[PDB]
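Each chain gets a letter, A, B and so on, in the order the sequences are listed, and its residues count up from 1. One-based numbering, in listed order, for ligands and for the atoms of each.
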There are 2 protein chains.
Amino acid sequence: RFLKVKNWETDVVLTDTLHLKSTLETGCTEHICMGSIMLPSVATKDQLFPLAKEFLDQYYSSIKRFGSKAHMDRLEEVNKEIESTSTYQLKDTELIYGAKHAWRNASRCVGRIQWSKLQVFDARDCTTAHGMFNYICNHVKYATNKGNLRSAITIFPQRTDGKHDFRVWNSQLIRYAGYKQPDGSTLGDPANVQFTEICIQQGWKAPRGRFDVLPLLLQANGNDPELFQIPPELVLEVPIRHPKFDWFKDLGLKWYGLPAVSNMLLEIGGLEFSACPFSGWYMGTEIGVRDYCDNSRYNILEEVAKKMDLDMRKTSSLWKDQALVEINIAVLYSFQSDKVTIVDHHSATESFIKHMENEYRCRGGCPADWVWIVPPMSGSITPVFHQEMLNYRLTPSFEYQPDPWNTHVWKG
Amino acid sequence: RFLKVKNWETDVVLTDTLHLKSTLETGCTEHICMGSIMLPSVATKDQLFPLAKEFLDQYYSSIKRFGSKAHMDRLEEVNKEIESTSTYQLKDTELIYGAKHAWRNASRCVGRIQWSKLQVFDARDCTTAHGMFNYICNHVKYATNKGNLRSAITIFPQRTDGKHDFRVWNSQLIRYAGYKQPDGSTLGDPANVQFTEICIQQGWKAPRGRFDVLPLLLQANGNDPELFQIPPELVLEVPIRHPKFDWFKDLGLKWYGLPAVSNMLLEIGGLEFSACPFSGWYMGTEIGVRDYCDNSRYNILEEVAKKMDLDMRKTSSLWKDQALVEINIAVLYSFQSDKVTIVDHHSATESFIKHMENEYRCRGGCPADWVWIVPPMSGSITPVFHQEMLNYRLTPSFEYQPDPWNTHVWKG
Ligand code: HEM
Ligand code: HEM
Ligand SMILES: Cc1cc(N)nc(CCCN2CCC(F)(F)CC2)c1
Ligand SMILES: Cc1cc(N)nc(CCCN2CCC(F)(F)CC2)c1
Ligand SMILES: C[C@H](O)[C@H](O)[C@H]1CNc2nc(N)[nH]c(=O)c2N1
Ligand SMILES: C[C@H](O)[C@H](O)[C@H]1CNc2nc(N)[nH]c(=O)c2N1
Ligand SMILES: [Zn+2]
């Protein structure tokens, strides 16, 4: 009823009561745990009012006006609007609160110490794909802020019936293109080979190289999506160099500064925002480990090991491990030397522990997904490795949604 | 009902139906996942027969004689013995099967590809702490096999009433002593400071140094435990050197060859074996990462970084990561150069994937604990990082049990 999580490096115990407010389901049961499953598995008007009331009661509890006159009138005001319209509209203040607590509740995010410093851009007056492009461009410019990255979200109109959906078809606002070859291999980013081809289908002309920034595929109000090129002056990039190995520039690697997710769904008070691109700043490992060294991504451990002169015959020479660390010292160094905000996995995981402490103190808990919080290298030398974490689903939240090209009723 | 687990590096899917045979509870519910909780939380005669029948039905199913005459007679024979004695005794063949499947079912063990090659030593005729010492000595000698390590388990008499318990008080047969100081710090292994002091209480004379092998504290048939020194010729050790850095010998580190757990409980057909030391061989990271580099263990990242000439001022120089890899290349190299069996985390995790495949094919599943299977360094460059895993509890099994000094009714 009042569960306990322990840290096995400091012996610190914390008591979780926030999980009692949890509502959605995890996928786990009393007899099977699905904590390593990546994605465990129209809305009517009856279901909407409890979700609205639940959300309204915590918004007014947060401005220290729980159950007052202003609360009960907005309760009544939203009920009458759900009767009238079968849906409702958030105030600007409720949207900013909802968006900030979707991030706060994001159990897979190690960066949440920053959750209250989120800049929310209301794009609910948008009606066309061009309007979307303009809003997204202003998001990219604001969030980048000349390399002093600022976290932000842009929120396009909520879902209504279902066949009128705003969607960003890119999985991230800024991604590199992936082209397969006649000889079967892959240039660029293999993750986006499918999306890179959809752009070619709709008319993109590819500069078939490595780090080619993809165009935006924007869908407005259910209509077929349309292509727009982000002005290249708006795409900040960092060339990767090493502070010891001057052969590292010869590798000719670079990465974009802005991590900006655009394929998830924002849920606030039962309303569904199918297009809500949000952005922060990178933790180093996301680029240096997953992006650069996944076998099905850029997969550069091969070459970094070569140029270091390493024993690549035997698996147990740990040459993969040894090249992995050099690559991540270089991503960090390059970003910092250009004053482009980045955080190392040691500082980021310390901050999360400190954030976890604050949450248990002033909130009664912190939903956290250990499988996703522990970084993909040097896990046990970071403090989150030794921290027990309870995972549960609170709302407002960010959720996964199917890719648009599997679900969109086309019209030629 | 027939769940699916995916690998996100190869896109291989496998279907799990073994989880339906699962019985015990995980700690997770539909609303909270406890997959990162380390330890989530007398036996009467009524409860014993279903557990015996369940176990007997799968033993005879395994020798291809399910429900035959020999099965039903042993079913009857064990029922009558549970009526008569309120407990029962396993045949030698049932004990060897049970022990092997407790290992097979060990969801936190990455080494299970070896599960059917387990040497089982029946010590159920043991009655005294001296007898225990002799059995454990023969286990240590057999399992070490001059450095060609062999996996083995020794099984002392099962629990009966509860106040007559056989226990090994050491957490492992071979561990290094931990002494705190007058100046507050720690020499040796800080994990065992408590146990190292209990030995001093009962009469151990400490050679207060670093890698001092602890004595055995053995408890027979509920009696107060007694101290025995393993013959030092029986404790194989590997001095750690590096294949590049000749200053590495100056560190003066060494580790024992035999990982041999002695603090867990073996459950077979509802019988409880409170003393069942089992041993295998080390995966490199257990020593080089957890043993050597945990903040609350030996904690040598400090010195290895010094001797490498590293930028220790800034967290983001990844000097911890860089010294971590060198330490693990050295543990591997030292063990292999001495022909003492060890496995690197790359080979071990590949073998587990291949073991997982075999299990799903011929068994319908493989209970696996992702949080424990992914190694504590370079996680995402090993194949288990990208493998979804279902965790569930099958029997026979190894379980945790309280330390004996918290539960033992002493008599001066
Ligand atoms: C401020 C700097 C931030 C850092 C350092 C950070 C770091 C991370 C990392 C490393 C992950 C794991 C993702 C992966 O490994 O692919 C993650 C996940 C996530 N982040 Fe944060 N993030 C930041 C900002 C944000 C913001 C501003 C939001 C939302 C407004 C957000 C929402 C999420 C969500 C919902 C997830 C989990 C969903 C998913 O990616 O599958 N993050 N974050
Ligand atoms: C054959 C070589 C073996 C290897 C390479 C291996 C490897 C591992 C590793 C790395 C762990 C994680 C433990 C930790 O990180 O502290 C583990 C856990 C475990 N091993 Fe294996 N192991 C081996 C043999 C065995 C044997 C022979 C048994 C039993 C007869 C066994 C039973 C277990 C159990 C029950 C656990 C989880 C319980 C726990 O330690 O908390 N292992 N193993
Ligand atoms: C805002 C932000 C900051 C950051 N530092 N990193 C990320 C990465 C999120 C990765 N996540 C992968 C799965 C998905 F595609 F479904 C959604 C995106 C996002
Ligand atoms: C047989 C074996 C082989 C191996 N390579 N490694 C181990 C380590 C087990 C670690 N595990 C920690 C928690 C515990 F103490 F509760 C029980 C022991 C065991
Ligand atoms: C808090 C967390 O559960 C704890 O640190 C676990 C994580 N995973 C682990 N994995 C292994 N193999 N061994 C461990 O001791 C741990 N510790
Ligand atoms: C199979 C497993 O669930 C999958 O690889 C997960 C593991 N943990 C992760 N953790 C983070 N941060 N990002 C990821 O993509 C993943 N992938
Ligand atoms: Zn679970």
Original post:
Does CD in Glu237(A) sit with more than 12 non-hydrogen atoms of other residues, nucleotides or ligands closer than 6.0 Å?
Top reply: yes
Original post:
Nearest protein heavy-atom contact for atom 14 (C) of ligand 2: which residue, which atom, what distance?
Top reply: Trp372(B) CZ3, 3.7 Å
**OP:** Go through ligand 2 atom by atom and flag the ones less than 4.0 Å from a non-hydrogen atom of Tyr400(B).
**Re:** 38 (C), 39 (C), 41 (O)
**OP:** Would you check if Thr382(B) and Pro375(B) make a side-chain contact, meaning some heavy-atom pair closer than 4.5 Å?
**Re:** yes
**OP:** Have a look at ligand 3 and work out which part of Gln172(A), if any, has a heavy atom under 4.0 Å from it: side chain, backbone, both or neither.
**Re:** neither
**OP:** Describe, in one word, how the ring planes of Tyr256(B) and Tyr176(B) are oriented to each other, choosing from parallel (under 30°), tilted (30 to 60°) and perpendicular (over 60°).
**Re:** perpendicular
**OP:** Specify the protein heavy atom at minimum distance from atom 36 (C) of ligand 2: its residue, its atom name, and the distance to 0.1 Å.
**Re:** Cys109(B) CB, 4.0 Å
Original post:
Which residue holds the protein heavy atom closest to atom 3 (C) of ligand 2, what is that atom called, and what is the gap in Å?
Top reply: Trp281(B) O, 3.6 Å
**OP:** Compare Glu286(A), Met38(A), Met283(A) and give the one whose heavy atom is closest to atom 5 (N) of ligand 3.
**Re:** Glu286(A)
Original post:
Hey, what's the ring geometry for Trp169(A) with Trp405(A), parallel, tilted or perpendicular (30° and 60° as the breaks)?
Top reply: tilted
**OP:** Taking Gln401(B) for its side chain and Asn263(B) for its backbone only, find out whether a donor-acceptor pair lies under 3.5 Å.
**Re:** yes
**OP:** Please indicate whether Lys100(A) has more than 12 foreign heavy atoms, meaning atoms of other residues, nucleotides or ligands, lying under 6.0 Å from its NZ.
**Re:** yes
Original post:
Would a 4.5 Å heavy-atom cut-off, applied to side chains only, mark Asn192(B) and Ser171(B) as touching?
Top reply: yes
**OP:** With heavy atoms only and a cut-off of under 4.0 Å, state how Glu286(B) meets ligand 2: side chain, backbone, both or neither.
**Re:** side chain
**OP:** To the nearest 10 degrees, could you say what angle the Zn ion (ligand 7) makes with SG of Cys33(A) and SG of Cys28(A)?
**Re:** 130°
Original post:
Do any nitrogen or oxygen atoms of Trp281(A) lie less than 3.5 angstrom from nitrogen or oxygen atoms of ligand 3?
Top reply: yes
Original post:
How far is atom 30 (C) of ligand 2 from its nearest protein heavy atom, and which residue and atom name does that atom have?
Top reply: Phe278(B) CB, 3.5 Å
Subject >> Which of the ligand 2 atoms, numbered from 1, are nearer than 4.0 Å to a heavy atom of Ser279(B) >> reply: 27 (C)
Original post:
Who's the nearest protein heavy-atom neighbour of atom 11 (C) of ligand 2, and how far?
Top reply: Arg108(B) O, 4.1 Å
Original post:
Parallel, tilted or perpendicular for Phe398(A) and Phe278(A), by the 30°/60° rule?
Top reply: tilted
Subject >> Distance-only side-chain donor-acceptor flag, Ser262(A) / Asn170(A), under 3.5 Å >> reply: no
**OP:** Check ligand 2 against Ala106(B) and write out every atom of the ligand that is under 4.0 Å from a heavy-atom position of the residue.
**Re:** 35 (C)
**OP:** Indicate yes or no: at least one non-hydrogen side-chain atom of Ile342(A) is less than 4.5 angstrom from one of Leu332(A).
**Re:** yes
Original post:
Which is closest to atom 11 (N) of ligand 3 by heavy-atom distance: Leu258(A), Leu149(A), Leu39(A), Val261(A)?
Top reply: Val261(A)
Original post:
Are any of the N or O atoms of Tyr400(A) closer than 3.5 Å to those of ligand 3?
Top reply: no
**OP:** Looking only at protein heavy atoms, identify the closest one to atom 24 (C) of ligand 2 and say how far it is in Å.
**Re:** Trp103(B) CZ2, 3.6 Å
**OP:** For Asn263(A), take its heavy atoms, then give the atoms of ligand 3 lying under 4.0 Å from any of them.
**Re:** 15 (F), 16 (F), 17 (C)
Original post:
Is it true that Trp255(A) and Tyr292(A) have ring centroids separated by less than 6.0 Å?
Top reply: yes
Original post:
Near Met264(B), which atoms of ligand 2 are under 4.0 Å from a heavy atom of that residue?
Top reply: 38 (C)
Subject >> Minimum-distance protein heavy atom relative to atom 7 (C) of ligand 2 >> reply: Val110(B) CG1, 3.7 Å
